[PDB]
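These notes concern the structure reproduced below.
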Protein chains: 2
Amino acid sequence: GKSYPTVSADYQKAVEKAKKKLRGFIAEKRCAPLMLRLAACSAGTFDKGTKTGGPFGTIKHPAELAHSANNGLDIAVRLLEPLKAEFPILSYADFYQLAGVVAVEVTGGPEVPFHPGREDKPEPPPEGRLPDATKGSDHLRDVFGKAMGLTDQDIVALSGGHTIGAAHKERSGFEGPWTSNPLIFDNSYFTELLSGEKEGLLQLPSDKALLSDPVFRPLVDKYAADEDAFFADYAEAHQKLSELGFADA
Amino acid sequence: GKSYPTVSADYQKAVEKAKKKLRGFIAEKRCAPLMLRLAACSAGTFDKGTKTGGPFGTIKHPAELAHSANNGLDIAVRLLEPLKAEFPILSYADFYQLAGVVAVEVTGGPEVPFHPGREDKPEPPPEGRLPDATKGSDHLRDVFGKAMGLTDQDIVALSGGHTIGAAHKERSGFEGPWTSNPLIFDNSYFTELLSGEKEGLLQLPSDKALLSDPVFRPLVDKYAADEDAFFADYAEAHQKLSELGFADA
Ligand code: HEM
Ligand code: HEM
Ligand SMILES: [K+]
Ligand SMILES: [K+]
């Protein structure tokens, strides 16, 4: 259902150059998980009914950075600003989604397709649309399904984004990595979720919700057994998330 | 641009009976200004672009009552609940707008036309759509015009709703009546606004903004000189406000 806009050759050349610069920067700075979180938090505010929010550059605004679910994302924005300044032709919206795609690639994940053309919008969405880590399956469906318009498959695959990174007690309050290799994009999130709590590792109530739901659980099992299947479904879901409200809602 | 819904004869009979009961109750309780504020605060959250918010009964929800601009409105809702219970067939949305229309009538104001059929909606709008008393004309146009879809004339006439009632230092922080006769609906709001600050009386910065704007000021002058003209424009504006998002946005 997507009809992608035309951008100039110069715009396309900037996308390609920025992609390379983002690879080197993100790898050197060890900030792939923070950048994936920035991209997801940016996109996840989309509401299909009103066609408001979504990946349109608003996360750089102090008002959106101040949302409790976005604690620490001011660091991500600050980290990217010098590189963004080398690409004035690119929208912030495109730049942040490109950073998210690169974060997945540089950690060894799938190559998520990227299409340019998002425009920077003036007004941030209201606070409270991002998912609550303390809630369960009904809540996940309210946020990813009723608001964003994504599928149950997308919910499980995207939850696998937690295969990289960690929570911080000073940000959310939760603490620690989901996996033993938090800079490696693999299916270990699902294998750890299945094996139960392990010292040093994290499971949010929202992660655990996937285990007890009749639709989510078979997907968790599938992804734990088959990393290729996880990668395929992940790439599909990340692309959709990154394009919410864009080139047709 | 309105196409009003059909309601049953029993619904119409309840509207008429509730109107009478609201007259007696509001007059006896001396709460007309509080009820006019309840109706206006309910309706003023409408956003024409997204077709969200508006006079759809959500003001009774704890979450909307908790909005800072709605301080004290929990009292208004509590006051009306026993009477509302005598009319189970009526929507809360209709009931609160009817209370606002009656508040104006019983204090001697114009007879604002009323059409039933608003449905009670499940979700309150986000906080922050109601006007800020410390701001000026640009802000008033953003809220009443860009969001609600009302005219400059409507802004000045509706500001005259302050001809009844008072601010409270424990609610907004502002304090006192706009007029010497705060239970009498007349054009004195405009005459006091023009005459400058008077001890015992209140002018918000948002009221004062009407004085210096090239479009608003001639209307203030007109209403101060001609109460009949004020009543006509007020009735038109109140009707529009009470029907935002209803029977065609
Ligand atoms: C499914 C609902 C989700 C919930 C409830 C949730 C919640 C959280 C929480 C509480 C944190 C910890 C923040 C901190 O304390 O630093 C976090 C981190 C993170 N999230 Fe999610 N999230 C969800 C979905 C997603 C999605 C869809 C993605 C991307 C596909 C994602 C990517 C990440 C990453 C990469 C981190 C680590 C950040 C870092 O290492 O600094 N999350 N998430
Ligand atoms: C134009 C932008 C407006 C602003 C900035 C504004 C602001 C305020 C504030 C700060 C208060 C004091 C609340 C308190 O401390 O108790 C108040 C009270 C009140 N407002 Fe407005 N208001 C506006 C428009 C309206 C409109 C359109 C109406 C109805 C037509 C209205 C009707 C009232 C009434 C009747 C009161 C008195 C409530 C009482 O006596 O308890 N206002 N308003
Ligand atoms: K991992
Ligand atoms: K008066």
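Labels used: A, B, ... for chains in the order of the structure tokens, numbers from 1 for residues in each chain, and numbers from 1 for ligands as shown.
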
To check your reading of the model: which residues sit at most 8 Å from ligand 3 when counting only C-alpha atoms and all ligand atoms? Write the answer as a ChimeraX atom specification.
/A:162-165,178-189

Since we have the selection now, will you write its residues out, keeping C-alpha atoms, as a compact mmCIF listing (two decimals), in the first residue's frame?
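In the end it all went to result.txt:
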# COMPACT_ATOMS: atom_id res chain seq x y z
CA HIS A 162 15.75 -6.22 22.42
CA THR A 163 18.33 -8.73 21.22
CA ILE A 164 20.64 -5.69 21.25
CA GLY A 165 21.11 -3.29 24.15
CA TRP A 178 18.35 -9.09 27.48
CA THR A 179 21.18 -11.17 26.00
CA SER A 180 24.77 -12.26 26.65
CA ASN A 181 25.82 -10.56 23.42
CA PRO A 182 24.04 -7.19 23.47
CA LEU A 183 25.90 -5.78 20.44
CA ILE A 184 25.11 -8.80 18.26
CA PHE A 185 21.81 -8.91 16.38
CA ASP A 186 20.65 -12.53 16.60
CA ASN A 187 17.70 -14.60 17.85
CA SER A 188 19.09 -14.91 21.42
CA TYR A 189 16.36 -12.63 22.79

Return as an MDAnalysis selection string the residues of protein, DNA or RNA that approach ligand 1 to within 6 Å, with only C-alpha atoms and all ligand atoms taken into account.
chainID A and resid 33:34 36:37 40 131:133 158:159 161:162 164:169 171:174 206

Please write the residues from the selection above to a file, keeping N, CA, C and O atoms, as a PDB file, in the first residue's frame.
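again_16.pdb was written with the following content:
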ATOM      1  N   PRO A  33      22.317   0.008  19.785  1.00  0.00           N
ATOM      2  CA  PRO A  33      21.017  -0.178  20.440  1.00  0.00           C
ATOM      3  C   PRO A  33      20.311   1.144  20.741  1.00  0.00           C
ATOM      4  O   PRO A  33      19.099   1.250  20.557  1.00  0.00           O
ATOM      5  N   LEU A  34      21.059   2.144  21.198  1.00  0.00           N
ATOM      6  CA  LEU A  34      20.467   3.455  21.446  1.00  0.00           C
ATOM      7  C   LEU A  34      19.851   4.044  20.182  1.00  0.00           C
ATOM      8  O   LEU A  34      18.783   4.661  20.235  1.00  0.00           O
ATOM      9  N   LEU A  36      18.750   2.303  17.472  1.00  0.00           N
ATOM     10  CA  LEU A  36      17.565   1.511  17.136  1.00  0.00           C
ATOM     11  C   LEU A  36      16.389   1.953  18.010  1.00  0.00           C
ATOM     12  O   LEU A  36      15.271   2.118  17.520  1.00  0.00           O
ATOM     13  N   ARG A  37      16.644   2.181  19.298  1.00  0.00           N
ATOM     14  CA  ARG A  37      15.596   2.679  20.194  1.00  0.00           C
ATOM     15  C   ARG A  37      15.095   4.062  19.745  1.00  0.00           C
ATOM     16  O   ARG A  37      13.887   4.312  19.726  1.00  0.00           O
ATOM     17  N   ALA A  40      12.810   3.535  16.725  1.00  0.00           N
ATOM     18  CA  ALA A  40      11.552   2.888  17.114  1.00  0.00           C
ATOM     19  C   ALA A  40      10.645   3.812  17.932  1.00  0.00           C
ATOM     20  O   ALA A  40       9.428   3.855  17.714  1.00  0.00           O
ATOM     21  N   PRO A 131       4.479   1.992  24.178  1.00  0.00           N
ATOM     22  CA  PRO A 131       4.066   0.865  25.022  1.00  0.00           C
ATOM     23  C   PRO A 131       4.649   0.902  26.436  1.00  0.00           C
ATOM     24  O   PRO A 131       5.749   1.416  26.647  1.00  0.00           O
ATOM     25  N   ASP A 132       3.887   0.351  27.380  1.00  0.00           N
ATOM     26  CA  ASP A 132       4.213   0.303  28.800  1.00  0.00           C
ATOM     27  C   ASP A 132       4.819  -1.068  29.121  1.00  0.00           C
ATOM     28  O   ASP A 132       4.146  -2.093  28.992  1.00  0.00           O
ATOM     29  N   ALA A 133       6.082  -1.075  29.550  1.00  0.00           N
ATOM     30  CA  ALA A 133       6.809  -2.314  29.837  1.00  0.00           C
ATOM     31  C   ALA A 133       6.183  -3.185  30.933  1.00  0.00           C
ATOM     32  O   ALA A 133       6.501  -4.365  31.041  1.00  0.00           O
ATOM     33  N   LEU A 158       9.298  -7.525  16.184  1.00  0.00           N
ATOM     34  CA  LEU A 158       9.881  -6.257  16.644  1.00  0.00           C
ATOM     35  C   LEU A 158      10.356  -6.306  18.093  1.00  0.00           C
ATOM     36  O   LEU A 158      11.316  -5.625  18.457  1.00  0.00           O
ATOM     37  N   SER A 159       9.692  -7.105  18.925  1.00  0.00           N
ATOM     38  CA  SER A 159      10.134  -7.281  20.309  1.00  0.00           C
ATOM     39  C   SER A 159      11.566  -7.827  20.338  1.00  0.00           C
ATOM     40  O   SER A 159      12.327  -7.574  21.276  1.00  0.00           O
ATOM     41  N   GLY A 161      13.932  -6.754  18.743  1.00  0.00           N
ATOM     42  CA  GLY A 161      14.884  -5.645  18.744  1.00  0.00           C
ATOM     43  C   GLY A 161      15.669  -5.575  20.051  1.00  0.00           C
ATOM     44  O   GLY A 161      16.789  -5.057  20.094  1.00  0.00           O
ATOM     45  N   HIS A 162      15.091  -6.140  21.111  1.00  0.00           N
ATOM     46  CA  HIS A 162      15.750  -6.221  22.415  1.00  0.00           C
ATOM     47  C   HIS A 162      16.923  -7.197  22.440  1.00  0.00           C
ATOM     48  O   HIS A 162      17.626  -7.315  23.444  1.00  0.00           O
ATOM     49  N   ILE A 164      19.523  -6.596  20.997  1.00  0.00           N
ATOM     50  CA  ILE A 164      20.641  -5.689  21.254  1.00  0.00           C
ATOM     51  C   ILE A 164      20.295  -4.678  22.345  1.00  0.00           C
ATOM     52  O   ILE A 164      19.144  -4.253  22.479  1.00  0.00           O
ATOM     53  N   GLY A 165      21.288  -4.330  23.159  1.00  0.00           N
ATOM     54  CA  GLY A 165      21.109  -3.292  24.153  1.00  0.00           C
ATOM     55  C   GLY A 165      20.720  -3.737  25.540  1.00  0.00           C
ATOM     56  O   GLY A 165      20.790  -4.915  25.892  1.00  0.00           O
ATOM     57  N   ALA A 166      20.297  -2.754  26.322  1.00  0.00           N
ATOM     58  CA  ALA A 166      20.063  -2.938  27.749  1.00  0.00           C
ATOM     59  C   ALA A 166      19.152  -1.845  28.282  1.00  0.00           C
ATOM     60  O   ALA A 166      19.076  -0.754  27.718  1.00  0.00           O
ATOM     61  N   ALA A 167      18.478  -2.136  29.392  1.00  0.00           N
ATOM     62  CA  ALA A 167      17.782  -1.100  30.144  1.00  0.00           C
ATOM     63  C   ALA A 167      18.723  -0.475  31.175  1.00  0.00           C
ATOM     64  O   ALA A 167      19.753  -1.059  31.538  1.00  0.00           O
ATOM     65  N   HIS A 168      18.351   0.705  31.653  1.00  0.00           N
ATOM     66  CA  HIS A 168      19.168   1.435  32.620  1.00  0.00           C
ATOM     67  C   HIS A 168      18.291   1.936  33.749  1.00  0.00           C
ATOM     68  O   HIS A 168      17.244   2.553  33.497  1.00  0.00           O
ATOM     69  N   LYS A 169      18.711   1.677  34.989  1.00  0.00           N
ATOM     70  CA  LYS A 169      17.878   2.017  36.133  1.00  0.00           C
ATOM     71  C   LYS A 169      17.627   3.518  36.240  1.00  0.00           C
ATOM     72  O   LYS A 169      16.635   3.938  36.836  1.00  0.00           O
ATOM     73  N   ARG A 171      17.130   5.392  33.568  1.00  0.00           N
ATOM     74  CA  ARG A 171      16.228   5.752  32.472  1.00  0.00           C
ATOM     75  C   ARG A 171      14.832   5.176  32.704  1.00  0.00           C
ATOM     76  O   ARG A 171      13.975   5.856  33.271  1.00  0.00           O
ATOM     77  N   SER A 172      14.592   3.931  32.295  1.00  0.00           N
ATOM     78  CA  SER A 172      13.293   3.316  32.578  1.00  0.00           C
ATOM     79  C   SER A 172      13.170   2.910  34.049  1.00  0.00           C
ATOM     80  O   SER A 172      12.099   3.025  34.643  1.00  0.00           O
ATOM     81  N   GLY A 173      14.276   2.460  34.630  1.00  0.00           N
ATOM     82  CA  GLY A 173      14.252   1.861  35.954  1.00  0.00           C
ATOM     83  C   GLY A 173      14.591   0.385  35.887  1.00  0.00           C
ATOM     84  O   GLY A 173      15.120  -0.179  36.845  1.00  0.00           O
ATOM     85  N   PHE A 174      14.274  -0.255  34.759  1.00  0.00           N
ATOM     86  CA  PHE A 174      14.739  -1.621  34.537  1.00  0.00           C
ATOM     87  C   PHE A 174      16.241  -1.569  34.277  1.00  0.00           C
ATOM     88  O   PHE A 174      16.782  -0.491  34.035  1.00  0.00           O
ATOM     89  N   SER A 206       6.460  -6.958  29.564  1.00  0.00           N
ATOM     90  CA  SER A 206       6.018  -6.942  28.170  1.00  0.00           C
ATOM     91  C   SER A 206       6.675  -8.036  27.311  1.00  0.00           C
ATOM     92  O   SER A 206       6.056  -8.523  26.354  1.00  0.00           O
TER      93      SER A 206
END

Specify as a ChimeraX atom specification all residues of chain A found within 12 Å of chain B, counting only C-alpha atoms.
/A:47-53,125-129

Please report, as a ChimeraX atom specification, each residue of region 6-88 of chain A to which DSSP assigns helix (DSSP H, G or I) when run on this structure's backbone.
/A:9-29,32-43,58-60,62-65,68-70,73-84

Contacts of residue 194 (chain B) at 9 Å or less, counting only C-alpha atoms, minus same-chain residues fewer than 5 places along, as JSON, numbers by chain?
{"B": [189, 208, 211, 220, 221, 224]}

Could you save the residues just selected, with N, CA and C atoms, as a CSV table (one decimal), in the first residue's frame?
chain,number,residue,atom,x,y,z
B,189,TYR,N,-19.3,42.5,30.8
B,189,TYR,CA,-17.9,42.1,30.6
B,189,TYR,C,-17.1,43.0,29.7
B,208,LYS,N,-7.7,40.9,27.9
B,208,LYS,CA,-7.0,42.2,27.5
B,208,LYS,C,-6.6,42.1,26.1
B,211,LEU,N,-8.5,43.8,23.4
B,211,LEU,CA,-8.5,45.2,23.3
B,211,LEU,C,-7.6,45.8,22.2
B,220,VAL,N,-15.5,44.1,20.5
B,220,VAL,CA,-15.6,44.6,21.9
B,220,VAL,C,-16.4,45.9,21.9
B,221,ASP,N,-16.1,46.9,21.1
B,221,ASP,CA,-16.8,48.1,21.1
B,221,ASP,C,-18.2,47.9,20.7
B,224,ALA,N,-20.1,46.3,23.7
B,224,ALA,CA,-20.3,47.2,24.8
B,224,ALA,C,-21.4,48.2,24.6

Surrounding residues of residue 242 (chain B) excluding itself and chain neighbours under 5 positions, 7 Å, only C-alpha atoms, as number ranges by chain:
B: 43, 55, 97

Keeping only C-alpha atoms, take the residues you just selected and write them out as a PDB file, in the first residue's frame.
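Listing of result-v9.pdb after writing:
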ATOM      1  CA  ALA B  43     -16.565  21.372  23.939  1.00  0.00           C
ATOM      2  CA  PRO B  55     -18.519  17.844  23.622  1.00  0.00           C
ATOM      3  CA  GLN B  97     -24.358  20.896  26.820  1.00  0.00           C
TER       4      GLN B  97
END

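By only C-alpha atoms, and with residues fewer than 2 positions from residue 86 (chain B) along its chain excluded, the set lying at most 10 Å from it is residues 14, 17, 18, 21, 81, 82, 83, 84, 88, 89 and 90 of chain B.
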
Generate the output file for the selected residues, N, CA and C atoms, as an mmCIF file, in the first residue's frame.
data_model
loop_
_atom_site.group_PDB
_atom_site.id
_atom_site.type_symbol
_atom_site.label_atom_id
_atom_site.label_comp_id
_atom_site.auth_asym_id
_atom_site.auth_seq_id
_atom_site.Cartn_x
_atom_site.Cartn_y
_atom_site.Cartn_z
ATOM 1 N N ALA B 14 -37.429 13.489 27.353
ATOM 2 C CA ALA B 14 -36.443 13.583 28.427
ATOM 3 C C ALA B 14 -35.633 14.872 28.341
ATOM 4 N N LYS B 17 -37.910 17.624 29.808
ATOM 5 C CA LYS B 17 -38.046 17.510 31.252
ATOM 6 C C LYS B 17 -36.731 17.858 31.953
ATOM 7 N N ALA B 18 -35.611 17.416 31.388
ATOM 8 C CA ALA B 18 -34.304 17.714 31.978
ATOM 9 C C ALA B 18 -34.003 19.209 31.915
ATOM 10 N N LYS B 21 -35.805 20.767 34.809
ATOM 11 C CA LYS B 21 -35.185 20.420 36.087
ATOM 12 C C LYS B 21 -33.838 21.120 36.258
ATOM 13 N N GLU B 81 -24.657 14.889 38.925
ATOM 14 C CA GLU B 81 -24.857 13.449 38.825
ATOM 15 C C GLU B 81 -26.225 12.952 39.326
ATOM 16 N N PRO B 82 -26.716 13.473 40.470
ATOM 17 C CA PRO B 82 -28.044 13.000 40.894
ATOM 18 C C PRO B 82 -29.156 13.339 39.890
ATOM 19 N N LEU B 83 -29.092 14.528 39.293
ATOM 20 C CA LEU B 83 -30.099 14.907 38.311
ATOM 21 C C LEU B 83 -29.949 14.080 37.028
ATOM 22 N N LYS B 84 -28.707 13.887 36.585
ATOM 23 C CA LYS B 84 -28.442 13.043 35.417
ATOM 24 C C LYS B 84 -29.040 11.644 35.583
ATOM 25 N N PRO B 88 -31.708 8.594 32.590
ATOM 26 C CA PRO B 88 -30.755 7.611 32.066
ATOM 27 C C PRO B 88 -30.711 7.546 30.529
ATOM 28 N N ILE B 89 -31.802 7.904 29.853
ATOM 29 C CA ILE B 89 -31.832 7.834 28.393
ATOM 30 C C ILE B 89 -30.923 8.882 27.728
ATOM 31 N N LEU B 90 -30.656 9.988 28.419
ATOM 32 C CA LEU B 90 -29.838 11.052 27.835
ATOM 33 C C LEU B 90 -28.352 10.724 27.898
#

For CA of residue 157 (chain A) and CA of residue 223 (chain A), quote the distance in Å rounded to one decimal.
8.0 Å

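Here the DSSP assignment of strand (DSSP E or B), based on backbone atoms, applies within region 12-243 of chain B to residues 47, 52, 166, 167, 176 and 177 of chain B.
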
With only C-alpha atoms as the atoms that count, which of A:9, A:103, A:54, A:62 lies nearest to residue 28 (chain A)?
A:103

Mind checking which residues fall within 12 Å of residue 138 (chain B), counting only C-alpha atoms, ignoring those fewer than 3 positions away in the same chain, and posting them as a PyMOL selection string?
chain B and resi 131-132+134-135+141-146+152+155+206+209-210+212-213+215-216

Rounded to one decimal in Å, what is the spacing between CA of residue 25 (chain B) and CA of residue 38 (chain B)?
15.4 Å

Spatial neighbours of residue 232 (chain B), 10 Å, only C-alpha atoms, chain gap at least 3 places, as a ChimeraX atom specification
/B:110-112,157,227-229,235-237

Using only C-alpha atoms and all ligand atoms, can you tell me which of B:136, B:109, B:200, B:205 comes closest to ligand 4?
B:109

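Counting only C-alpha atoms and all ligand atoms and comparing B:22, B:156, B:98, B:65, the residue that lies closest to ligand 2 is B:156.
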